[PDB]
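One is the number of the first residue; the rest follow in order along the sequence.
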Amino acid sequence: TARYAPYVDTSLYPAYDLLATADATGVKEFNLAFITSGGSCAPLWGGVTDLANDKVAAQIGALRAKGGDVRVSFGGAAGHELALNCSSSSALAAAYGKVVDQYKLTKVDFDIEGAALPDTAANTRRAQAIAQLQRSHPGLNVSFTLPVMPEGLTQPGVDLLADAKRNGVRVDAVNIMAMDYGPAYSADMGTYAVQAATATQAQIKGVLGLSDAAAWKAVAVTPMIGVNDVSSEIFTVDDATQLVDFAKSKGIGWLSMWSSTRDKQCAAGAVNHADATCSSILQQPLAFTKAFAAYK
């Protein structure tokens with residue numbers, strides 16, 4: 001299991017060059033994002049791109065030849081997670097399975113947020129599907145990526161995890177989205193991330209029935225680099241080094257970030273809002289990737 005795997009939005013043009021980043025930084029593990037529904041119970045990249053056509057997923061074989069790998073992520077902030085377009089857990093497991101089988105995946109991620117997260121009926125249907133997927137694909141590593149506050153997982157995240165456990169899902173990591181807290185949270189975003197991770201560990205220790213040590217290994221942290229969607233909140237490179245320090249002292253499962261494409265300076269320099277293709281702060285290219293690479 002790799003300790004740092006940044007998210008790569010495959011919908012962005014030009015297609016992110018996974019191998020070029022691996023050559024420049026040594027980071028060769030990525031969370032490819034996102035598989036959603038285009039209106040049917042059928043997986044598509046960004047809700048529109050066929051599995052055989054995605055130009056970032058097409059790189060998986062070459063990345064594996066350099067010894068890297070990918071975790072594919074379902075859901076995300078944009079678009080519609082497949083549980084909302086699949087009426088049964090068997091159809092839903094089949095949809096997820098086409099992805100696992102297409103790319104010979106051994107790691108998957110379910111990024112459940114927005115309208116999907118409080119849909120309790122869909123969550124159970126997903127948990128049933130994932131338990132079935134974990135039965136037909138033994139060892140398939142499953143992570144849930146969930147919104148987080150400095151005080152920990154929200155109640156709908158806690159409830160999603162309890163539903164996953166009673167439905168027989170083996171949750172290998174709970175990856176918190178340590179970002180976008182709100183206007184009442186204007187303090188340092190590295191300290192917030194540490195605070196959120198500390199609370200999350202206590203919560204999943206109980207919900208997932210793990211030892212203290214096992215619960216730390218089950219924590220994963222994903223900040224939004226640079227200016228956040230909540231524009232007043234900035235996760236700086238200094239914040240990344242604080243998160244790396246904390247991840248080392250606790251043995252956190254892995255770090256990630258939103259996102260690899262944003263890990264460069266905008267053409268205008270520093271800007272006061274978030275952008276899908278740059279960080280909105282001053283930096284050298286791949287600054288955050290090099291910073292988080294210290295956790296390997």
Side-chain angles (χ1 to χ4, degrees), residues 1-8 26-33 67-76 105-113 127 130 133-134 137-150 152-154 157-158 160-162 164-165 169-179 190 192-225 235 239-260 288-289 291-296:
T1 286
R3 291 171 119 153
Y4 170 50
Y7 281 92
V8 176
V27 171
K28 43 197 209 293
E29 298 254 351
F30 302 96
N31 291 345
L32 300 195
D69 202 7
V70 296
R71 174 182 311 266
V72 168
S73 184
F74 301 81
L105 299 181
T106 63
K107 316 191 253 63
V108 289
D109 178 52
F110 298 91
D111 183 332
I112 307 311
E113 45 181 296
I130 295 172
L133 212 65
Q134 284 187 310
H137 298 81
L140 180 75
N141 190 285
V142 168
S143 56
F144 277 109
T145 292
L146 300 176
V148 82
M149 285 301 270
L153 297 164
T154 60
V158 170
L160 180 151
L161 296 178
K165 178 66 171 37
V169 178
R170 186 193 74 250
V171 179
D172 294 297
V174 179
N175 176 35
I176 58 179
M177 283 191 293
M179 61 186 74
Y192 281 146
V194 168
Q195 172 182 3
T198 301
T200 297
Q201 186 264 2
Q203 293 168 304
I204 68 175
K205 182 176 177 183
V207 173
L208 296 178
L210 316 170
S211 82
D212 206 83
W216 277 116
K217 169 47 208 93
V219 166
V221 190
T222 297
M224 190 153 162
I225 59 174
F235 190 90
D239 290 338
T241 73
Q242 172 187 10
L243 184 48
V244 160
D245 280 356
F246 186 76
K248 281 179 183 173
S249 77
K250 302 296 193 178
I252 278 181
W254 36 273
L255 297 183
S256 178
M257 85 195 171
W258 188 264
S259 61
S260 281
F288 284 96
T289 300
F292 284 120
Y295 189 46
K296 297 168 48 161

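Annotation: side chain of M177 is in contact with side chain of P147 (closest heavy-atom distance under 4.5 Å). Within the 4.5 Å cutoff, side-chain heavy atoms of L105 are placed close to those of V70. Side-chain contact between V174 and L208 is present, with at least one heavy-atom pair separated by less than 4.5 Å. Taking 4.5 Å as the limit, every side-chain heavy atom of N31 sits out of range of all side-chain heavy atoms of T222. Here the side chains of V171 and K165 are not in contact, with every heavy-atom distance at 4.5 Å or above. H137 places none of its side-chain heavy atoms less than 4.5 Å from the side chain of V142. Side-chain atoms of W258 and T145, non-hydrogen and from C-beta on, never get closer than 4.5 Å to each other. Side-chain atoms of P6 and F292, non-hydrogen and from C-beta on, never get closer than 4.5 Å to each other.
Residues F288 and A240 approach most closely at CD2-CB, 4.2 Å, considering heavy atoms. Listed here is the closest heavy atom pair of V207 and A162: CG1-N, 3.5 Å. Scanning all heavy atoms of the two residues, the minimum distance from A193 to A178 falls at CB-CB, 3.9 Å. For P150 against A199, the heavy-atom pair with the smallest separation is O-CB, 4.4 Å. Residues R170 and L140 share a closest heavy-atom pair of NH2-O, 2.9 Å. The shortest heavy-atom contact between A218 and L210 is CB-CD1, 3.9 Å.
How far OG1 of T241 is from OH of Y295: 15.0 Å, rounded to the nearest 0.5 Å. Here the straight-line distance linking atom CD of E29 with atom CZ of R71 works out to 8.5 Å at 0.5 Å rounding. One distance of note links CD1 of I112 with CG of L160; it measures 6.5 Å at 0.5 Å rounding. Atoms OG1 and CG, from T200 and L146 in turn, are 9.0 Å apart once rounded to the nearest 0.5 Å. Here the straight-line distance linking atom OG of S259 with atom OH of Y7 works out to 11.0 Å at 0.5 Å rounding. Atom-to-atom distance recorded for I225:CD1 and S260:OG is 7.5 Å, nearest 0.5 angstrom.
Under the 4.0 Å criterion applied to side-chain N and carboxylate O atoms, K107 and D109 are not assigned as salt-bridge partners.
Side chain of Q203 to main chain of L153: a donor-acceptor pair is present (N/O by atom type, distance under 3.5 Å, no hydrogens or angles). Using a distance-only test at 3.5 Å, with no hydrogens or angles considered, a donor-acceptor pair links the side chain of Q201 to the main chain of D212.
With sequence neighbours left out, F74 forms a ring pair (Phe, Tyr, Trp, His ring centres under 6.0 Å) with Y96, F110.
Residue pairs meeting the salt bridge (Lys or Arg N to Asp or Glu O under 4.0 Å) criterion with at least one member in residues 213-222, sequence neighbours excluded, do not occur.
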Return all side-chain donor-acceptor pairs below 3.5 angstrom for residues 242-253, not counting sequence neighbours, or 'none' if the list is empty.
| from | atom 1 | to | atom 2 | distance (Å) |
| --- | --- | --- | --- | --- |
| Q242 | OE1 | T191 | N | 3.4 |
| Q242 | NE2 | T191 | OG1 | 3.1 |
| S249 | OG | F246 | O | 3.2 |

